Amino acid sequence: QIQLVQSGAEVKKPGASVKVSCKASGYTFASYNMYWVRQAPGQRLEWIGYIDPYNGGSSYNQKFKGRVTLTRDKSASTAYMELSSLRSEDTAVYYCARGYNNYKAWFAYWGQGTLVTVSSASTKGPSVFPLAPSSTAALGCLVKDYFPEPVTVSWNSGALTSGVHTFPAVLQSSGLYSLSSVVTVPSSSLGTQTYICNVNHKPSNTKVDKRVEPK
């Protein structure tokens, strides 16, 4: 159904290079140009470049002349975006996008995005703590002391969606992030229904499933 699936979040030191992948399905990959754009915090969507996957010919935004290299594997229906000499300013969400047609850049199709964090700071896995309800009812999870972003929180493998509030991460004074994922559920369901918060953190390969229980 025309889906673009990107490689997951990366954390790279300043000076390093990063290669983001974009797998296309639902149409003839080789027949349409693939765009690369990014979104840096409060900076506005910025074009990187585009590639013709038939011959590998690309056109780049002058801002990344000699820094970005666009490639593709035809047999794998995948487009690659490699950004070298990584600066802290490259901390952004990287997107691959395709047009409604091959003429204009009216991006009807987008990849989920790939967060690239350019830091010299050391990667740390979160410590997940439960937020037990005190005797309609609320309970949650405290995702404390982690680096870098992002962190993804699910409630019961991802099927419990109603009343869920996963709060934006806050940078502490230690240079570590602290996140809270909370859920409002009926009080009557505290002594039957189970609540498990599934915390994933790709850069440190942390996958914690915490059981939230009273008192």
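Each residue number is its position in the shown sequence, starting from 1.
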>> How big is the unmodelled gap, if any, between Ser135 and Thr136 relative to the deposited sequence? Choose none, 1 to 3, 4 to 9, or 10 or more.
In response: 4 to 9
> Got a sec? Mean C-alpha B-factor, which is higher, 25-33 or 161-169?
Replying inline: 161-169
> If you average the Cα B factors in the entry, which is higher, 99-107 or 120-128?
Replying inline: 120-128
>> In terms of recorded Cα temperature factor, pick the maximum from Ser187, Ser59, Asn55, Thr69.
In response: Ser187
> Going by the entry, which third of its chain does the Cα temperature factor of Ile2 land in?
Replying inline: middle
>> Can you tell me whether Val199 has a C-alpha B-factor in the lowest, middle or highest third compared with the other modelled residues of the same chain?
In response: middle
> Mind checking which third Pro148 falls in for C-alpha B-factor across the chain?
Replying inline: highest
> Mind checking which third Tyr50 falls in for C-alpha B-factor across the chain?
Replying inline: lowest
>> Using the temperature factors of the C-alpha atoms in this entry, rank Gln39 within its chain: lowest, middle or highest third.
In response: lowest
